[PDB]
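Chemist: Protein chains in written order, with the authors' numbering: chain C, 10 to 80, 91 to 235, 245 to 313; chain D, 10 to 80, 91 to 235, 245 to 313; chain E, 10 to 80, 91 to 235, 245 to 313; chain F, 10 to 80, 91 to 235, 245 to 313; chain B, 10 to 80, 91 to 235, 245 to 313; chain A, 10 to 80, 91 to 235, 245 to 313. Don't be surprised by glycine CBs; every beta carbon is placed ideally from N, CA and C.
Protein chains: 6
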Amino acid sequence: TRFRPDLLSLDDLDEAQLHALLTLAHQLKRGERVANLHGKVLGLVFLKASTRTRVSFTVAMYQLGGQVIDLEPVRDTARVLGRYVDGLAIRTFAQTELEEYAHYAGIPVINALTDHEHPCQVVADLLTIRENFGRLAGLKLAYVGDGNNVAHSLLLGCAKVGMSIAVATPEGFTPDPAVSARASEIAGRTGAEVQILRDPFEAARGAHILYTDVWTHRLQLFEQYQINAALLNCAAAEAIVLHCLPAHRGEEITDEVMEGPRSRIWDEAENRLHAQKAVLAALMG
Amino acid sequence: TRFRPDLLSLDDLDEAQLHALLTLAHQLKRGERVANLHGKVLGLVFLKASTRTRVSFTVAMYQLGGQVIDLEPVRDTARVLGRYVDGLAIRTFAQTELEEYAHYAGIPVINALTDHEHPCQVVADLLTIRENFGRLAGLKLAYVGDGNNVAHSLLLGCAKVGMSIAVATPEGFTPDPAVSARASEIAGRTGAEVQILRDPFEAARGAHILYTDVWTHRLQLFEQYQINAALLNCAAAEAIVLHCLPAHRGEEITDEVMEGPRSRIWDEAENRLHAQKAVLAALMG
Amino acid sequence: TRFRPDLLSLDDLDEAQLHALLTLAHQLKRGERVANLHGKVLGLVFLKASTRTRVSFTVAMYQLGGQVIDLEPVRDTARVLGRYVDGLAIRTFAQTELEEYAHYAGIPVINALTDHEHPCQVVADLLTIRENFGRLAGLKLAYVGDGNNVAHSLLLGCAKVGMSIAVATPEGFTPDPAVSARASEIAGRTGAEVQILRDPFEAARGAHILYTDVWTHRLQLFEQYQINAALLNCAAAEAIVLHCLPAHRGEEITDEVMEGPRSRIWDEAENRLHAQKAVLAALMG
Amino acid sequence: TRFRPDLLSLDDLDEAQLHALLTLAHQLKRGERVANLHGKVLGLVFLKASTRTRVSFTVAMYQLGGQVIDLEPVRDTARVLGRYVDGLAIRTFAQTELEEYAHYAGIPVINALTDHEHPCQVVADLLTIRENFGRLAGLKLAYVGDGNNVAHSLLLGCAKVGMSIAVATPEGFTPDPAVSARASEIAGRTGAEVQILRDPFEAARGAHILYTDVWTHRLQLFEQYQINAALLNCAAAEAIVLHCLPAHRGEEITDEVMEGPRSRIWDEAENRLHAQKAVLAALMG
Amino acid sequence: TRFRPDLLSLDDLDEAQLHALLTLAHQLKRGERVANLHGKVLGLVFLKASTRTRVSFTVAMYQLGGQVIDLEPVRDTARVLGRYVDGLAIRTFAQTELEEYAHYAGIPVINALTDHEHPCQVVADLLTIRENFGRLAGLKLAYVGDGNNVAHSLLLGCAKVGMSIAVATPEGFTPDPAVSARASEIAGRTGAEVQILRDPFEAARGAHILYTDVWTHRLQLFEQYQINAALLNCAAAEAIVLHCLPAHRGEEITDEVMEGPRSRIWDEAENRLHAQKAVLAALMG
Amino acid sequence: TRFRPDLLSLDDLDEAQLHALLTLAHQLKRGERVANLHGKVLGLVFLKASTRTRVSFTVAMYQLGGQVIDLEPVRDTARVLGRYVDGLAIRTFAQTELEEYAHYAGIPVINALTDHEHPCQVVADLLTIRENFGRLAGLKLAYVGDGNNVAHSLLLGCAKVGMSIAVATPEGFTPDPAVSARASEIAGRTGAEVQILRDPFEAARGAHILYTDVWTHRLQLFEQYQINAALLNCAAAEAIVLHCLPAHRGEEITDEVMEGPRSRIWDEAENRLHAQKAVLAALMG
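Written out as structure tokens, the structure is:
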């Protein structure tokens with residue numbers, strides 16, 4: 010399978026590319042296949058610190074046998100960096116800045132995280148879901164909280180693998196309507212339902228996965253959007269709980285649920301490494 | 010007219026005390042009367058800078074002939100301060116910490132600003148409105164934006180003067196239910212009607228005064253509450269526009285209206301000086 | 010009686026001068042006498058911020074009818100300052116730097132606080148003791164804790180007024196040997212006794228005043253010097269408790285004693301005002 | 010003699026106004042005349058700290074019987100400030116910003132110091148020179164160093180009083196051509212000669228006043253522009269040395285000269301107060 | 010032999026384990042043996058930056074063929100870290116925090132330094148002592164200074180290999196009585212003696228090693253504990269001088285001794301690398 | 010050819026050593042040669058951050074198969100570092116401090132950049148010029164801007180390969196006369212000519228390479253020293269434009285030229301890597 014040069018948005022992967030990437034991630038993780046980026050160097054440019062993201066990308070590159078380095092107009096820094104390293108994993112606020120790097124770098128650019136999307140988190144999430152249910156299509160994912168970057172990637176990711184998704188948020192914090200429309204377009208072709216709503220318990224109905232993230245009056249506004257025992261009980265019988273981290277116990281989730289038997293948060297976190305190894309191999313391999 | 014020792018909340022004043030304070034303010038402003046705090050010192054304790062609040066309080070004391078000074092458990096600092104100065108104008112975050120100083124100070128304490136209320140700002144606003152319509156009772160005030168500290172004082176103040184008030188705030192940014200309840204409790208005995216709405220135009224229609232403050245997805249949630257030409261045209265023909273300041277042109281208000289012939293912002297700002305002179309004379313006199 | 014132009018060390022005043030100063034402070038406080046510094050300005054140059062010291066000096070000058078201003092080689096800044104204001108209350112770390120200012124300023128310099136001494140605090144303490152015993156000579160004062168700047172000024176001050184003093188501190192926290200020797204030399208002619216000890220209960224035995232200050245392993249080294257009920261019971265029946273402030277309840281003193289009937293801490297703090305009015309009038313008069 | 014509302018640049022004063030101001034400064038200094046701004050408040054807004062400047066302005070207002078206070092689009096800040104205080108002394112970097120304030124304040128604005136000029140310093144200098152030589156016109160002033168803000172105000176000041184002036188600076192550090200051109204234009208009417216040169220000895224030849232300020245490679249560049257014994261030897265017999273302070277001994281001036289008998293730096297420094305009193309009285313009187 | 014999973018305290022190693030560790034360190038150093046941690050990654054979590062500690066740990070892992078990465092409730096970050104890396108070397112303040120990591124990480128944890136202990140430093144010191152004397156048991160080590168983290172590890176380390184130890188510190192800065200008691204308990208079985216004294220000269224007598232570290245009145249309190257030619261002269265004829273670094277010449281040691289022929293400070297420093305390679309190999313191997 | 014232990018100044022390489030280095034870099038770049046520093050660690054001590062320098066040095070060492078680590092009196096830190104790593108690439112401000120390290124480290128020290136020189140940059144530039152004209156001798160290099168560290172290294176470097184160099188700078192920003200003298204002395208034996216001029220259009224006439232860097245009143249001094257279309261037109265027809273970066277478009281260079289067809293800036297930047305690999309190989313080989 011051929012991949013586009015960069016991974017700036019999950020929408021850079023069509024259904025075929027995403028499934029190929031997910032299969033590779035599984036194979037690499039299980040030792041069924043091996044990849045190597047020996048002699049290659051991954052550059053990390055985070056306009057904002059993120060140890061979590063730095064360590065997962067770095068160990069991922071080390072296990073591929075490569076090296077890593079943590080790192091004026093962007094076109095200048097991008098062009099020179101394109102002369103030293105072989106890949107760039109970058110975190111910036113503006114999706115547009117990320118795109119400028121990809122435009123001048125001359126080497127593969129990977130979205131480590133922007134205000135708009137977080138493609139790698141969701142590839143790791145899809146990985147975790149598949150390992151828990153032995154499938155992705157037909158499942159239902161309920162995301163409660165702020166319609167943010169992870170919500171955006173989830174909308175695209177779920178739709179691309181035929182998974183239904185219900186995104187429940189407070190009135191003024193809905194996901195970008197253009198992304199939700201893009202996700203519906205995709206879902207129409209994979210047989211999935213895409214829903215953007217207000218009530219979390221309605222989104223949770225029948226959900227196999229409950230997903231949340233940190234919240235952006246604060247209390248009154250998001251309080252109902254918390255994955256707790258009540259939300260869990262109202263979801264599919266074998267529901268699982270995901271959270272991209274870090275978590276604020278008492279806000280979007282309870283300690284009880286987080287430390288509960290339905291939590292797959294730690295496996296989800298590990299998969300960040302396995303997912304990113306697949307992308308690094310697919311784009312730099 | 011006996012006033013309570015401190016002015017922590019606008020509710021420390023009954024309808025009579027408020028009107029008395031307002032009358033005193035008017036007279037002092039027009040020289041129709043004279044006060045003198047010579048020999049006394051006003052201590053300012055702002056846990057959060059506020060040049061605007063500091064300058065209006067300081068000049069207010071100077072015109073009364075007093076002096077000013079800008080300034091471990093609060094009980095300790097408050098007791099020692101009560102031995103050096105004769106009054107405290109303080110700005111804290113918690114309304115309780117303010118009550119803390121008031122409890123141990125042994126000298127009058129005035130709320131210069133807290134997360135919960137802004138009494139002095141409203142007395143100023145009531146003064147400005149009075150000067151613009153020759154009355155307060157029967158008028159309708161419409162507040163749009165975040166249900167914050169000034170909205171709280173506005174509710175209590177308007178009610179106490181027989182001024183009807185309609186506060187329109189976004190979904191999860193409603194005024195504290197307890198203050199609005201209390202305002203309605205006062206409204207019934209004064210003849211004004213307290214409305215807490217969601218729709219800004221509903222509140223502005225018929226309004227004699229359009230009032231707004233700075234806002235707490246951000247845009248998505250506040251755009252409709254901006255006071256502009258469209259909203260102005262809805263209120264009374266001779267409606268006035270107030271804004272406690274500082275203002276963000278383009279958000280809660282437009283440059284057009286702010287610099288427009290309906291704006292009373294600058295006179296409103298000046299009345300902070302006269303309003304506070306009245307509060308200082310009343311409690312330290 | 011005539012005073013040296015400055016007050017850098019309590020040793021700047023001999024027996025006659027310190028008594029003259031205390032008498033002036035008493036009369037000023039009772040109004041038995043009056044002073045005036047109208048047209049004069051006091052410059053406050055505090056290298057280290059201190060609201061407690063700032064407020065007492067500023068109100069002190071205000072009650073004398075003067076003004077106040079809160080504030091490169093020191094000889095340059097001192098000579099220029101000496102051309103604008105009429106006196107400086109300065110707080111530095113090094114006694115030497117303080118003397119630097121006094122040498123070039125050309126106007127009276129007062130030690131608002133240095134690592135080495137705190138003469139104004141003690142003048143206020145002596146006033147407080149006098150207001151509780153009707154005399155100074157013959158009394159016994161016990162200082163427990165760290166032999167710091169206040170302890171130094173107490174050694175000198177007590178010695179000069181015929182008050183016996185016992186300072187109890189941990190092994191390596193004794194007061195400057197040179198100040199102790201100088202105090203003993205003064206006491207030798209005033210009939211006072213000077214004791215630099217290790218045992219707090221020994222020092223407190225029959226003391227008329229129990230004095231402590233904030234402390235400089246730390247716990248397991250000062251814990252025994254805490255003025256609590258037990259230590260108070262070792263003191264004379266009419267014993268008084270002083271603390272220059274701020275206080276750390278649970279450490280050098282307990283809330284019980286601090287808030288108890290033997291405490292004169294708040295009168296002591298107020299006396300900083302009356303004490304400083306005395307020095308300002310005496311040096312700037 | 011009527012004065013323009015503000016003093017943003019020394020050019021805001023024509024020959025008549027500058028002379029009336031110096032005369033008033035002298036009269037007030039000698040007590041030959043008295044002025045009062047009782048009831049008025051001077052606002053100080055220094056975007057850049059400047060103790061020397063803050064103290065000289067504050068004592069100036071105090072001696073005039075007024076009060077002073079130390080203190091978002093500037094047009095808002097200025098308009099509200101204009102409702103509380105009676106005058107503003109501001110120190111900023113950009114001259115335009117200063118003009119923004121003057122445009123919106125509605126009250127007198129005085130340039131406490133900007134990157135472009137330092138008028139109050141030069142009125143103090145002119146006052147000092149007048150007291151030393153008994154006149155101003157016909158005298159010659161040599162300024163050596165960086166063509167900065169004080170250099171600009173000196174070019175204007177000297178020209179206006181008919182004092183000839185020679186400013187020697189390193190090639191790329193000449194003063195603003197526009198101010199020089201403006202100074203030459205003024206000098207034509209007053210019979211003074213303006214010279215912008217390179218060689219400091221040429222500039223100092225027959226000068227009655229040697230003036231310097233702090234400099235901006246750097247050493248070799250400004251090294252020769254130092255007022256030392258040698259430079260002083262090329263100037264007039266009764267030559268005096270001025271320096272606006274602070275000074276960097278060893279660079280623009282030597283300790284020997286600075287502390288020598290030809291120095292009038294401290295008198296010059298004190299005249300800031302007397303000059304500023306005249307500016308306050310003249311614009312706020 | 011077998012080792013406990015973590016090295017949080019030197020007491021985590023019984024006599025056989027410490028010796029096995031010292032032996033391994035020596036063999037790795039002389040190349041008499043080899044080891045590698047290829048494909049493994051060491052995570053560094055230093056809550057208090059330490060470049061010297063970071064470089065020694067990082068180069069140790071590199072020479073073992075592994076990689077290194079420098080890196091919310093601790094239990095959350097520990098569990099996530101445990102899914103990415105194979106070992107953690109951490110620097111915290113609280114020993115208990117260090118224990119939190121070990122409990123949740125799921126991978127070996129090494130104490131890179133805490134307020135309570137510094138085991139890796141002591142293993143390095145032991146290696147150094149052994150190389151200089153050809154043995155450990157029967158020797159006498161004198162530690163002078165503050166009874167801190169290294170003193171605690173020295174107490175346990177020394178007793179464990181049969182080395183007698185005398186720790187001299189000021190009255191209030193003695194080592195944790197519990198570690199001393201534990202060390203004396205171990206010494207009873209190894210034939211060594213443990214002494215906690217006050218006098219540095221008494222401690223240093225007959226000592227083969229003089230050891231000090233940065234100190235916590246300051247001078248008056250610690251001065252006597254300084255290791256200088258005088259103290260060195262009281263030690264055994266072949267006495268060596270150790271210091272964990274960094275050093276403050278003039279305080280705990282003099283430049284003279286530190287640069288003298290009896291100093292083994294640099295070899296001790298180098299051994300940080302050799303001792304740490306041994307712990308990494310032993311716990312991650 | 011044998012090299013000295015360090016590369017602190019370009020003058021540490023005679024003409025013969027410079028060519029060998031340049032040849033090694035080229036061979037390494039084209040794969041006509043292969044070096045390896047396996048088992049070695051390079052430490053980077055940058056007293057001033059420089060991602061540009063850090064990345065070029067780190068990827069260089071990685072391509073040689075070694076490791077890299079980014080890292091109190093210098094003599095202590097140098098001695099300890101010398102026990103852990105095998106080489107130091109360091110960035111300081113003073114050349115003297117750089118020498119301190121080399122003196123005590125006991126391991127090869129490379130000048131990553133100092134206020135005085137930038138050797139590695141120049142070896143990269145030389146290698147770039149060579150790749151563009153197939154020769155170095157006979158060619159002419161014109162530098163315009165501030166006579167800084169790179170100008171200094173270009174002077175020594177150009178002369179050493181027989182390349183004529185003309186350096187144009189404003190009057191007070193000329194190259195260190197000592198390096199110009201030393202450059203001329205070298206040129207005397209290589210047959211190249213060295214010129215320190217004021218006019219940039221003079222220096223550029225007949226140049227095959229126009230070189231500039233960021234500039235040190246600032247504009248009206250460096251303004252005329254911009255490499256633009258006009259300046260280019262005055263040089264040889266096959267003229268190349270070099271800039272060590274970062275660049276300030278509109279100041280020392282125009283976007284047009286930087287982005288134009290004569291620019292070799294990006295190739296020049298990549299060559300920092302190939303040049304540094306040659307130094308690392310040569311000095312640590």
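(1) At the 8 Å Cβ level, is residue 248/E part of the contact set with chain B, yes or no?
(2) Please confirm whether residue 294/C has its beta-carbon closer than 8 Å to some beta-carbon of chain B.
(3) Run down chain B in chain order and give the residues with a C-beta less than 7 Å from the C-beta of residue 76/A.
(4) Just the Cα atoms here: how many angstroms apart are residue 165/D and residue 36/E?
(5) Which term fits residue 57/F, buried or exposed, when burial requires 16 or more other beta carbons within 10 angstroms of its beta carbon?
(6) Check the Cβ-Cβ distances between residue 301/E and every residue of chain D, and say whether any is below 8 Å.
(7) Cutting at 8 Å between CB atoms, please list the residues of its own chain near residue 266/B, excluding the five before and the five after it.
(8) Taking residue 245/B as the query, report the chain E residues whose CB atoms sit under 7 Å from its CB, ordered along the chain.
(9) Counting Cβ pairs, one atom from each stretch, are 3 or more of them under 8 Å apart for the stretch 284 to 302 of chain C and the stretch 251 to 271 of chain C?
(10) At the level of alpha carbons, what is the spacing between residue 279/B and residue 246/D?
(11) Answer with buried or exposed for residue 154/F, where buried requires no fewer than 16 other C-beta atoms within 10 angstroms of its C-beta.
(12) Which residue wins for smallest C-alpha separation from residue 78/F, given the options 298/F, 107/F and 146/F?
(13) Taking residue 183/A as part of the beta strand (DSSP E), name the residues at either end of that continuous run.
(14) Under 8 Å, Cβ to Cβ, is there at least one residue of chain F near residue 183/D?
(15) Out of curiosity, what's the CA-to-CA distance linking residue 13/C and residue 311/C?
(16) Which residues of chain A have a Cβ atom closer than 8 Å to the Cβ of residue 95/C, listed in chain order?
(17) Assuming residue 303/D contacts residue 139/D (C-beta within less than 8 Å), just tell me the rounded distance between them.
(18) Strictly by DSSP, which residues pair up with residue 291/A?
(19) Excluding the 5 residues preceding and the 5 following residue 68/C in the sequence, name in chain order all residues of the same chain whose CB lies nearer than 7 Å to its CB.
(20) Name the chain B residues whose beta carbon is nearer than 7 Å to that of residue 80/A?
(21) Assuming residue 132/B and residue 167/B are in contact, meaning their beta carbons sit under 8 Å apart, how far apart are those beta carbons, in whole angstroms?
(22) For chain C, check one thing: does any of its Cβ atoms lie closer than 8 Å to the Cβ of residue 150/A?
(23) According to DSSP, residue 161/B sits in a beta bridge with which residue or residues?
(24) Could you check the C-alpha separation between residue 215/A and residue 205/A for me, to the nearest Å?
(25) Could you give the distance in angstroms between the alpha-carbon of residue 110/E and the alpha-carbon of residue 120/E?
Modeler: Reading off the structure:
(1) Residue-level contact check: residue 248/E touches chain B, since one or more beta carbons of chain B fall below 8 Å from its beta carbon.
(2) At least one chain B Cβ lies under 8 Å of residue 294/C.
(3) 71
(4) 57 Å
(5) Under this definition residue 57/F is an exposed residue.
(6) yes
(7) 152 and 227
(8) 191, 192 and 235
(9) Touching, per the Cβ criterion.
(10) So the two alpha carbons sit approximately 57 Å from each other.
(11) exposed
(12) Comparing Cα-Cα distances from residue 78/F to each of 298/F, 107/F and 146/F, the minimum goes to 107/F.
(13) Start and end: 183 to 187.
(14) no
(15) 8 Å
(16) Near residue 95/C (Cβ distances below 8 Å), the residues of chain A are 273, 274 and 275.
(17) 6 Å
(18) 269/A
(19) 301
(20) 60 and 64
(21) At roughly 11 Å, the Cβ-Cβ gap does not stay under 8 Å, so residue 132/B and residue 167/B are not in contact.
(22) Taking Cβ atoms only, chain C never reaches closer than 8 Å to residue 150/A, which makes this a no.
(23) 185/B and 229/B
(24) Distance between the alpha carbons of residue 215/A and residue 205/A: 15 Å.
(25) 11 Å
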